[PDB]
């Protein structure tokens, strides 16, 4: 949850459930599927939301990552592929990463998030759960 309204991702998040496993994709992979989007526009980044829990007298949420098309979201101005903590860049090999994706953001009610799905052959990062799946 957010005490500051986030930029809305077109897609459901990917949640870490095993500590220690790194968030990664093979180069050319990792852009979630949206109907009608040309592969030339399949470029962007996953952004890590660190989550924080409140203290109890019991006994820790792990991060959840959200996808943003290139030139959108909280890192809209950062260059593709730049080392930034909490940003993981992904792109189809059809995409030119020197230009922002031609994709207006999501919301209001207008559209709900698309459950995150990847094409056959995608190496899925172990230790992460794709929300919606």
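Numbering follows the first chain given and starts at 1. Rigid core here is just the name for the largest C-alpha set that superposes within 1.5 Å across the two forms.
- Averaged over structures and residues, the CA distance from the shown form in 6 other deposited structures of this protein after a core fit is larger for 102-110, of the two stretches 102-110 and 61-69.
- The stretch 73-81 shows the higher mean C-alpha B-factor when 25-33 is compared against 73-81 in the entry.
- In this entry, the higher average B-factor at the C-alpha atoms falls on 111-119, of the pair 111-119 and 5-13.
- When the Cα B-factors of 60, 56, 92, 50 are read from the PDB record, 60 comes out highest.
- Among all modelled residues in its chain, residue 101 ranks in the highest third by Cα B-factor.
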